[PDB]
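Trainee: Pasting a structure here, questions to come.
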Amino acid sequence: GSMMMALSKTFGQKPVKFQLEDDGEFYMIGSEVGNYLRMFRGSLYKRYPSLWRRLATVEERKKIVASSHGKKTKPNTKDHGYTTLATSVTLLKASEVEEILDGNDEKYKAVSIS
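All the letters of the sequence shown, read from the start, carry residue numbers 0 to 113 under PDB author numbering.
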């Protein structure tokens with residue numbers, strides 16, 4: 000008489016989220032989301048066609064690193080920050096990731112499946 004029921008879609012710390020608009024718009028780096036769900040080879044985008052994804056401008060990336068990131072793990076210095084992930088940063092809708100994280104994303108995986 001043991002009730003079995005457990006869902007596990009997210010793994011690890013939550014992906015890096017940041018604010019891009021003064022209106023409270025928060026986005027997350029798809030790279031983090033991908034590793035978070037362990038999806039590679041664009042599996043996240045290919046698996047979630049209805050998921051909002053876009054590239055960040057040089058200015059956006061700069062704000063992304065400073066706003067989203069700070070010191071990060073591994074050997075880091077105070078005089079310098081990060082100039083590796085500033086080559087290409089994929090932003091995603093915080094609400095989209097949150098839903099998938101909450102387990103709601105059927106419309107994201109199948110575009111709409113109305």
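Yeah, the Cβ is synthetic: ideal placement off N, Cα and C, and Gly gets one too.
With distances taken from CA atoms, which of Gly102, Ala109, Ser113 and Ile112 is nearest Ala5?
Mentor: Ranking the options by Cα distance to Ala5, first place goes to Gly102.
Trainee: What does a CB cutoff of less than 6 Å around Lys92 pick up in its chain, not counting 5 residues either side in sequence?
Mentor: The answer, listed in chain order, is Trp51.
Trainee: Buried or exposed: where does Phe10 fall if 16 or more other Cβ atoms within 10 Å of its Cβ makes it buried?
Mentor: Exposed: under 16 other Cβ atoms inside 10 Å.
Trainee: So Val88 and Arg60 are in contact, right, with Cβ under 8 Å, and what is the actual spacing, rounded?
Mentor: 5 Å between Cβ atoms; contact.
Trainee: For residue 135 and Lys16, what's the separation of their Cα atoms in angstroms?
Mentor: One cannot answer for residue 135 here, as it falls past the ends of the chain, which runs 0 to 113.
Trainee: Taking the beta strand (DSSP E) that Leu90 falls in, what are its first and last residues?
Mentor: Note, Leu90: beta strand (DSSP E), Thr89 to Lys92.
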